[PDB]
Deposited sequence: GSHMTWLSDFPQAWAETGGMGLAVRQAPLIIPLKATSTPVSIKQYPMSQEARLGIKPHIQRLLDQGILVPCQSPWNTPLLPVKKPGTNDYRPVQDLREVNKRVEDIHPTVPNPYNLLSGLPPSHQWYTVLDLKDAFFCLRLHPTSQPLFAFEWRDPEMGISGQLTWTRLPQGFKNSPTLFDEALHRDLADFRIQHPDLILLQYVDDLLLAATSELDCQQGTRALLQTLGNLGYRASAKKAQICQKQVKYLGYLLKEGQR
């Protein structure tokens, strides 16, 4: 199977990712920023029990760690429960970066009619593959209690305004060589959503093999369940790609 041939590349069989070639990210603050500590709105037991197993998994994974920080932002008390951190006051204090992720419309414009064999992959827990420098970790702290202390992220967090752009730029750096090694393939990147396009089913199969091997080696993980491999018809970024249309 595509599964069995590339155990390392799939989130299902390769374990949590970690982009080993990428330096831990340092997040520069605006020139006048100082830490803000927003109190945690009391959370119901129902919400707390719902959130708890997720927090424990992240701690087990090393993705969350205990800390003491002058920064604090709230977790949503009503967030099936998944914890959602309100990072808006942190976002306001972080220096802006240029938005380099192309809009899907423009991204798709670089897909030639010559290449009508497609593979679509989405990377699982993409942001969590990027390490955060210890100096930047305290920025993202929140409170956690089991009826008290803070935890923070050791990886690029959800809800942080620059995560999509920083991830897209990091993956571009990591996939630069693949592009050079396969000049006859088309590779479109939209943060964690990838489209590989080839001239033939054969080229697409071989290209897809190489891309999975490369992604796996670099520490990224693709969803095997959602993968669309070597089809002439795929769903990518809300479009149906068919017969060179869309």
## Note on the structure
Absent from the model, numbered along the deposited sequence, are 1-4, 84-88, 157-160
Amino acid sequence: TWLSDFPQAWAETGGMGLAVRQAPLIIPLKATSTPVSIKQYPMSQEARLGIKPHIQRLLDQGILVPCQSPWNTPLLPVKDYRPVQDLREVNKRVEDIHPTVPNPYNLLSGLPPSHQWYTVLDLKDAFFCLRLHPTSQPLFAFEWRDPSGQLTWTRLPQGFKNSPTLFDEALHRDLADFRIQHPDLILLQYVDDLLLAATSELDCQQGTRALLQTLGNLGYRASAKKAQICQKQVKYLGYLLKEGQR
From here on, numbers count along this sequence of modelled residues.
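Rigid core: the largest C-alpha set superposing within 1.5 Å between the two forms.
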### Task
Once the rigid core is lined up, would you tell me whether 116-124 or 102-110 has the higher RMS CA deviation in 9 other deposited structures of this protein?
102-110
### Comparing 40-48 and 173-181 where Cα RMS over structures and residues is taken in 9 other deposited structures of this protein (core fit), larger one
40-48
### Query
Going by the B-factors listed in the PDB entry, is the mean over the C-alpha atoms higher for 213-221 or for 178-186?
178-186
### Query
What stretch has the higher average Cα B-factor here, 158-166 or 118-126?
118-126
### Query
When the CA B-factors of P99, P113, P134, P104 are compared as recorded in the entry, which is the largest?
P113
### Query
From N72, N91, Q85, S109, which pick has the Cα B-factor that tops the rest in the entry?
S109
### Query
Sorting the chain's CA B-factors, does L25 end up in the lowest, middle or highest third?
lowest
### Query
Hey, what third does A19 fall into on Cα B-factor, ranked over its chain?
lowest
#### Entry: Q68, C-alpha B-factor rank within chain (lowest, middle or highest third)
middle
### Task
Comparing against every modelled residue in the chain, figure out the third that the C-alpha B-factor of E95 lands in (lowest, middle or highest).
lowest
#### Entry: Where the record places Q205 (Cα B-factor, split into thirds across the chain)
highest
